[PDB]
Amino acid sequence: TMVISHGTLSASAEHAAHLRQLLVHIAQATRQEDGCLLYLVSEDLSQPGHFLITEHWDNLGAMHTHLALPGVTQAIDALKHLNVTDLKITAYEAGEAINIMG
Amino acid sequence: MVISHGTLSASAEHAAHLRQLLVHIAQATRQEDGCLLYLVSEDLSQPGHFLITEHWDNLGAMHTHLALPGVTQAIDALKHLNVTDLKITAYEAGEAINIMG
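Let us look at the sheet that holds strand β4 (residues 88–93) of chain A. Pairing in this open sheet of ten strands is antiparallel, and the strands run β5(A)-β4(B)-β1(B)-β3(B)-β2(B)-β2(A)-β3(A)-β1(A)-β4(A)-β5(B) from one edge to the other. Strand pairing shows two members of the sheet lacking a second neighbour, β5 (98–101) of chain A together with β5 (97–100) of chain B, which therefore form its edges. Taken pair by pair, the neighbouring strands of this sheet meet at an average axis angle of 25°, ignoring direction. Note: strand β1 (residues 3–10) of chain A against β4(A), six bridges, orientation antiparallel. Looking at the pairing, A:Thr8 lines up with A:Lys88 of β4(A). Sheet strands in contact with helix α1 (residues 12–29) of chain B are β1 (2–9), β2 (35–43) and β3 (49–56) of chain B, and its direction is about 165° off that of β2(B).

This is the structure:
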């Protein structure tokens with residue numbers, strides 16, 4: 001069963017540029033991983049400096065493998081240094097795709 | 001709940017109008033019955049590419065939204081901003097799995 005992850009986090013004006021760079025780097029690496037079907041990092045049009053992490057994993061096991069990687073630990077550590085303290089990620093098992101448009 | 005994941009993009013000529021449209025639709029949609037979340041965002045890895053992230057309490061509430069005249073109008077608006085790549089996929093979501101934070 002495919003799994004969808006939704007994450008949000010924000011940075012102060014002072015650290016936003018650094019966070020964007022970090023997020024783009026994390027996305028480039030993660031997309032290469034086993035079971036990673038989608039990994040997008042984006043910025044809220046309604047709130048500058050507020051970001052979203054959107055992920056689709058083939059299964060829970062693949063996601064767990066990702067979460068345990070040293071690169072993930074390193075990324076979390078980097079956030080501490082950017083005083084990014086509000087990262088929250090929640091995942092959900094997904095049913096079959098419902099094609100709404102396109 | 002039902003999660004919707006939508007993607008679309010625009011040329012630089014039209015992107016400012018697309019951003020304003022997206023913000024407008026999000027502000028409106030958040031007030032609708034059963035709308036738990038409605039975020040519009042821009043891909044950091046790909047300027048001009050947008051994501052529409054929606055969480056609906058139930059499938060019927062999402063259907064009601066999709067049927068609104070305002071939605072039909074927004075879709076027509078996209079056409080005239082030369083957006084040709086709109087894709088929306090929804091999924092019924094299971095129970096929350098806390099990952100971190």
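As a further point, take the UniProt feature "domain: ABM" (unreviewed entry) in chain A. Mapped onto this numbering, the UniProt entry gives "domain: ABM" (unreviewed entry) at residues 3–92 of chain A. Annotated as residues 3–92 of chain A, this span is 39% helix and 33% strand, and its ends, taken at the C-alpha atoms, are 6 Å apart.

This next bit is on the UniProt feature "domain: ABM" (unreviewed entry) in chain B. Here, UniProt's "domain: ABM" (unreviewed entry) annotation points to residues 2–91 of chain B. Span residues 2–91 of chain B is 41% helix and 33% strand, its end C-alpha atoms 6 Å apart.

Thresholds, definitions, all that
- Residues numbered from 1 in each chain as written, not as in the entry; some residues may be left out.
- Chains lettered and ligands numbered in written order.
- Heavy atoms only, no water.
- Residues with missing side-chain atoms left out of burial classes, pairs and counts.
- Pairing = 2+ DSSP bridges.
- Helix = DSSP H or I, 4+ residues; strand = E, 2+ residues; numbered from the N terminus.
- Axes fitted to C-alpha atoms, helices over the stretch in contact; angles between N-to-C directions.
- Contact = heavy atoms within 4.5 Å.
- UniProt positions renumbered as here; feature names shortened; annotations may be inferred.

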